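Have a look at the structure that comes next, please.
Chain identifiers are assigned alphabetically (A, B, ...) following the order of the sequence lines, protein sequences preceding nucleic acid strands; residue numbering begins at 1 within each chain. Excluded from the calculations below are hydrogen atoms, water molecules and symmetry mates; all remaining heavy atoms, backbone and side chain alike, are included.
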Amino acid sequence: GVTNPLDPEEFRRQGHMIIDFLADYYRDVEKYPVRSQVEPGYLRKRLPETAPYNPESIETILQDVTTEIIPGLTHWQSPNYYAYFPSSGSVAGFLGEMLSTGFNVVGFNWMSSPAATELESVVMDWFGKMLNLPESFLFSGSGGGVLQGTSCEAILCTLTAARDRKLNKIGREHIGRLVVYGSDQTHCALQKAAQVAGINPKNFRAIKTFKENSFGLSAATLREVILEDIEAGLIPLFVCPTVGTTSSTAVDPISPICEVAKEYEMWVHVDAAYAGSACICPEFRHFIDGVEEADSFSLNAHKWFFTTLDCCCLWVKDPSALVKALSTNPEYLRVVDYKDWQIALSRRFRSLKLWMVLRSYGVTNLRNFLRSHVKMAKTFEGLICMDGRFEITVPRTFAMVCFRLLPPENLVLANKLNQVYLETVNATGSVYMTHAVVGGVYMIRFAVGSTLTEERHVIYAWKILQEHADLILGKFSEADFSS
Amino acid sequence: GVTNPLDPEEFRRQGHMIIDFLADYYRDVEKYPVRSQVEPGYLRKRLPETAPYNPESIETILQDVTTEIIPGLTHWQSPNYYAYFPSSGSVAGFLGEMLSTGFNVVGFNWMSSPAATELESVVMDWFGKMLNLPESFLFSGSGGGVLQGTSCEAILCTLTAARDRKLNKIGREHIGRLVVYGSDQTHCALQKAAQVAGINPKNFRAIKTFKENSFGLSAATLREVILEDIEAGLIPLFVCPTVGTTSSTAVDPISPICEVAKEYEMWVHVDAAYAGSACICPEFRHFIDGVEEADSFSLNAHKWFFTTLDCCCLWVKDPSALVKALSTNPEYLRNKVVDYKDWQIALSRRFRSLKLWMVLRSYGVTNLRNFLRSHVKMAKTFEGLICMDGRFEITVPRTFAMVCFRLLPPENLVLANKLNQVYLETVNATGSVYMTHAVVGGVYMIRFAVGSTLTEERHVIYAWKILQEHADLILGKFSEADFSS
């Protein structure tokens, strides 16, 4: 009569069906245009306006996924996807999420599933030791790590913990004097966290960075701004140095910044959402030097660690600061209770993803995975440098190369040349790159991180960039870009 | 040579293994004790202290899942799980997450995956119309809906939107005077949202409720507290009436609450995290009457709508109020294609619309209505068995598929509370069933929440049998001195 929506045999049959559907997708993803070519509003036209009253077959639904959903996808998993930062995935990460979705437990507390809490603390110590984090960040020592969804939520929680730590000493009425510090390259997640956490919009600082420092935040500039804020009656609270900025993969020097922060009793959060995973490699560990003097450190394992979206790894020195700000149990009372470390109460079993990746691939293969991305980007950088019509705009640090086509007021023309040039390349659907404007310079970003990407795809992307460079420069007139 | 971590054939091979592993789990879940019986710290001692340098096989990991992970699980998917609220799942919803994790796109904006944005707006209109929400909550009309992870996140976003709307008019310096209003039964997600949003802790209100009103918030009591706050120089900002409270599934009357809230220009968010999905059935739609006068409305589709953890559904009359607070564009550009990241906290959004789309299509409105109805019937059946046993008592009216009850002794309250605490823990310790409790109005009561998808009538009857046999056991050897401590 009525089949249970979780019937084991129907789960088995349809599950095998979708596995085959997805394996075919990874096999054929290259045939699709990378950036979706549908028009806004395409899907509402093709779909009914109301839910169906009677059930539809999984066979019919899967066909609609092929005809209606897949065209409206920008294929982050395409090997020719080089936009933004990678949606780094893997078989192991996918299986860990499906085991998490299969068990479907709610990690509201330890008792709700003890493994969903204890496995998280183990793998965060695993990951932290591979990162060579100090014992002050590990359960092994005096710290701790927590898995979250995104970096914005992680930054939000460390910010409220920093806010509550200061306001509980000086009074809640001073919230309108707290200043949050970033660079003009810091990701929009910091400003959003400050807006949600009640920081005054006029008290967010995006400190100017300079080409002479490759747009990394100078501690000398940070101290100048703090003294200005202190003279204006404000209270410096929070600074967020970034390793691997999203625009140009700039790197803020953590140790000089923390030195300035301790003088003014400021919380330091190190944002390494993308590049942090590379410090698993000994030759890249120097990029987070000085993290031992910071209060919190975060990276997105879904960006450059194969887990699949989403898995944010947050290490803190003082988890009590998170609990004091995020727990709802009375202030006096304020086993691990992870819900008091983050926003989400109905936590997902995210540690399975990280556990699967670490076990299925091991430290050695994971290092070489990240190294292969960096090496393919180093090759792309070498190909650019051998073509005198191009220019590397900032030093490459982690697997992303920023470059621009040069023209054969001059900056505005060059910027327009690269916007048109990039746009014709993306319009082919053969590859996908995004851009950034750093120091007034419109530059193209080539971020090699898609798991399916091999050297032949990077070389193929170089061929298309060269062919389109031949096209635009061959018929170049500066009046065509002087508008 | 090393194989690509996303190799299609290896994905196919290992994927089929997990599907078989999970199907075996659903087939055999009844054999495990529902509440995990491990000791704290068991896992750290069975697992290595460092990550392995060399790869391990999926067959080895899977065996470790069986011997190390599964024992440390409390099986929310067990048909004998009646604790808290359900972790409502289904085949269709699991497959939606599978396709979402398989495509693994990032819904940062419309261009990053147009389908990941447009499908969400379609299905939210689908669900909203199934809930008979007014057009002011739909994209067809004046409003819109957004999919988030959890209701606390959804309440936080809605609260900061209400905060910014007020503070943009009167000035940011008045944040220390804003007051957030809830009942003493309101879920702690509201208080957590107020703590994050910068609301002063002494300006959070947990207004007292009374057994005479089944612990629903009285609009007259709410108006009394507001006048006290106004007379004390405070600014009432935000009230969150609940349909289906967590402890006793109480329901707050929405219409008179917004009437009070309209008088003092307050934002109203209707929290229906658990019970909200039931109102797609016309005979339960009356429970959210008055939502036409609220500003926002939320339910957890992972709680009672089969998606899977997690899927929170938030409808708002004015999405621009969310954009004004959550956008990082400068304030003059927010002051004017959907960009869902500005409706919520998450920037790197997940393709959550697949889950909801899959559930709605694979089962349809009629079958989905009957799924929820069957849970209510089974709970009403459980309620009937309780009344026929004179040793038990129903403590609050049953509203949506959760029954509150307690064992009665042969103050009396302290002894009765201690009796039910011992009684409940002895039942949960068997591992045959799992139910949690709540102290409402000074009364310790046991909660029986029928929502796990695999739960059938035989499981509810089985749980009633377990409760009766323990009742016979506790009361057969009853002595007042055994509980008067």
Checklist entry - Heavy-atom distance under 4.5 Å to chain A: side chain of B:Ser57, backbone, both or neither? => result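 Neither part; nothing is under 4.5 Å.
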Checklist entry - Of the backbone (N, CA, C, O) and the side chain (C-beta and beyond), which part of A:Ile175 lies under 4.5 Å from a heavy atom of chain B, both, or neither? => result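 It is the side chain, since no backbone atom gets that close.
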Checklist entry - Hey, does the side chain of B:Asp7 reach the backbone of B:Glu9 with a donor-acceptor pair shorter than 3.5 angstrom? => result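 Judged by distance alone, yes, a pair lies under 3.5 Å.
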Item to check | Top contributor to chain A contacts, counting heavy-atom pairs under 4.5 Å, from B:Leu326, B:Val29, B:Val337 | outcome: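 If we count pairs closer than 4.5 Å to chain A, B:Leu326 comes out on top.
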Item to check | Region of A:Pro201 that comes under 4.5 Å of a non-hydrogen atom in chain B | outcome: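 For A:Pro201, the contact with chain B is made by the side chain alone.
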Checklist entry - Do you know which of A:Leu47, A:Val105, A:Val122, A:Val357 has the most heavy-atom pairs with chain B at a distance under 4.5 angstrom? => result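 So the answer, after comparing A:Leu47, A:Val105, A:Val122, A:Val357, is A:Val105.
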Checklist entry - If only atom types and distance count, is the side chain of B:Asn104 paired as donor or acceptor with the main-chain N or O of A:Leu309 below 3.5 Å? => result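 Checking the backbone N and O of A:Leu309 against the side chain of B:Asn104, a donor-acceptor pair under 3.5 Å is found.
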Checklist entry - Given a strict heavy-atom distance threshold of 4.5 Å, which part of A:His174 is in contact with chain B: side chain, backbone, both, or neither? => result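 Contact with chain B: none, neither part.
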Next on the checklist: Please identify, among A:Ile70, A:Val2, A:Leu345, the residue contributing the most non-hydrogen atom pairs under 4.5 Å to chain B.
Outcome noted: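 Among the listed options, the one with the most contacts to chain B is A:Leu345.
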Checklist entry - Measuring heavy-atom distances to chain B, does A:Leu366 have an atom under 4.5 Å in its side chain, in its backbone, in both, or in neither? => result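 Contact with chain B: none, neither part.
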Item to check | Under 4.5 Å from any heavy atom of chain B - which part of A:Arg347 | outcome: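 The backbone, not the side chain.
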Checklist entry - Between B:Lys341 (side chain) and B:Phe108 (backbone), is there a donor-acceptor pair under 3.5 Å? => result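 The answer is yes, because a donor-acceptor pair under 3.5 Å joins these two groups.
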Checklist entry - Where on A:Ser112 is there a heavy atom nearer than 4.5 Å to chain B: the side chain, the backbone, both, or neither? => result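 Both parts, backbone and side chain.
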Checklist entry - Which bit of B:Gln14 comes within less than 4.5 Å of chain A, counting heavy atoms only: side chain, backbone, both or neither? => result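 When you check distances to chain A, atoms from both the backbone and side chain of B:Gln14 fall under 4.5 Å.
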Next on the checklist: Evaluate B:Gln77 against B:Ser87 for side-chain contact (heavy atoms from CB on, under 4.5 Å), listing each step before the verdict.
Outcome noted: CA-CA 7 Å; B:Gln77 294 317 296; B:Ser87 186; 3.7 Å; yes
Item to check | A:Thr150, part contacting chain B, at a heavy-atom distance under 4.5 Å | outcome: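 Just its side chain gets close to chain B.
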Checklist entry - Can you check side-chain contact (heavy atoms from CB on, under 4.5 Å) on B:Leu22 and A:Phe11, steps first, answer last? => result CA-CA 8 Å; B:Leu22 288 177; A:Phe11 179 93; 3.6 Å; yes
Item to check | Region of A:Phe204 that comes under 4.5 Å of a non-hydrogen atom in chain B | outcome: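 No part of it gets close to chain B.
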Item to check | Part of A:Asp20 lying under 4.5 Å from any heavy atom of chain B | outcome: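 Answer is both: backbone and side chain atoms of A:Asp20 are under 4.5 Å from chain B.
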Item to check | Under 4.5 Å from any heavy atom of chain B - which part of A:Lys192 | outcome: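 Both backbone and side chain.
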Checklist entry - Side chain, backbone, both or neither: which part of A:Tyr42 has an atom under 4.5 Å from a heavy atom of chain B? => result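 Backbone plus side chain of A:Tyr42, per the 4.5 Å heavy-atom cut-off to chain B.
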Item to check | CA sep, side-chain torsions, deciding dist, call: A:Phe94, B:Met98, side-chain contact (heavy atoms from CB on, under 4.5 Å) | outcome: CA-CA 8 Å; A:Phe94 175 89; B:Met98 197 163 240; 3.4 Å; yes
Item to check | Interchain contact, A:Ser100 with chain B, by part (heavy-atom threshold 4.5 Å) | outcome: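 Neither; nothing under 4.5 Å.
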Checklist entry - Is the backbone of B:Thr74 close enough, under 3.5 Å, to the side chain of A:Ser113 for a donor and an acceptor to pair up by distance? => result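 At least one qualifying donor-acceptor pair exists.
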Next on the checklist: Please rank B:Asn4, B:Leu360, B:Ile18, B:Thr160 by heavy-atom pairs under 4.5 Å with chain A and give me the top one.
Outcome noted: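 The answer is B:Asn4.
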Next on the checklist: Between A:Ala325 and chain B, with a heavy-atom cut-off of 4.5 Å, which part of the residue counts as in contact: side chain, backbone, both or neither?
Outcome noted: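 Contact with chain B: backbone only.
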Checklist entry - With B:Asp342, which residues qualify under salt bridge (charged side-chain N to carboxylate O under 4.0 Å, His left out), at least two apart? => result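 For B:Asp342, no residue satisfies salt bridge (charged side-chain N to carboxylate O under 4.0 Å, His left out) once neighbours in sequence are set aside.
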Checklist entry - More than 12 heavy atoms of other residues, nucleotides or ligands under 6.0 Å from NZ of A:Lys202: is that the case? => result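 Not more than 12 within 6.0 Å, no.
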Checklist entry - Under 3.5 Å, side chain of A:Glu118 to main-chain N/O of B:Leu43, donor-acceptor pair present? => result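 Pair found, side chain donor or acceptor close to backbone of B:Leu43.
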Checklist entry - Does A:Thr434 use its side chain to pair, donor to acceptor, with the backbone of A:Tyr84 at less than 3.5 Å? => result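 Side chain of A:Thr434 to backbone of A:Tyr84: a pair is present.
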Next on the checklist: Among B:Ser362, B:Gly198, B:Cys152, which residue has the highest count of heavy-atom pairs closer than 4.5 Å to chain A?
Outcome noted: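 Among B:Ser362, B:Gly198, B:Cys152, the one with the most close pairs to chain A is B:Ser362.
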Item to check | chain A contacts, top residue of B:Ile58, B:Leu99, B:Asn200 (heavy-atom pairs, under 4.5 Å) | outcome: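 Of B:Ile58, B:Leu99, B:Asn200, B:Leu99 has the most heavy-atom pairs under 4.5 Å with chain A.
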Item to check | B:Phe103 and A:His75 aromatic centres sub-6.0 Å | outcome: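 Not under 6.0 Å, so no.
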Item to check | Test side-chain contact (heavy atoms from CB on, under 4.5 Å) applied to B:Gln195 - qualifying residues, sequence neighbours left out | outcome: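 Here the qualifying residues are A:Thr328, A:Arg334, B:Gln191.
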Item to check | A:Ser88, part contacting chain B, at a heavy-atom distance under 4.5 Å | outcome: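 Interface part for A:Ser88: backbone (N, CA, C, O).
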Checklist entry - Measuring heavy-atom distances to chain A, does B:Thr308 have an atom under 4.5 Å in its side chain, in its backbone, in both, or in neither? => result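 Answer is both: backbone and side chain atoms of B:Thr308 are under 4.5 Å from chain A.
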Checklist entry - Most heavy-atom pairs under 4.5 angstrom with chain A, which of B:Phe139, B:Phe306, B:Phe371? => result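 It is B:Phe371.
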Next on the checklist: Heavy-atom pairs under 4.5 Å with chain A - which of B:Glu10, B:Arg27, B:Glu456 has more of them than the others?
Outcome noted: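 Among B:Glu10, B:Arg27, B:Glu456, the one with the most close pairs to chain A is B:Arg27.
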Item to check | CA sep, side-chain torsions, deciding dist, call: B:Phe351, A:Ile69, side-chain contact (heavy atoms from CB on, under 4.5 Å) | outcome: CA-CA 11 Å; B:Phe351 201 162; A:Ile69 303 300; 4.1 Å; yes
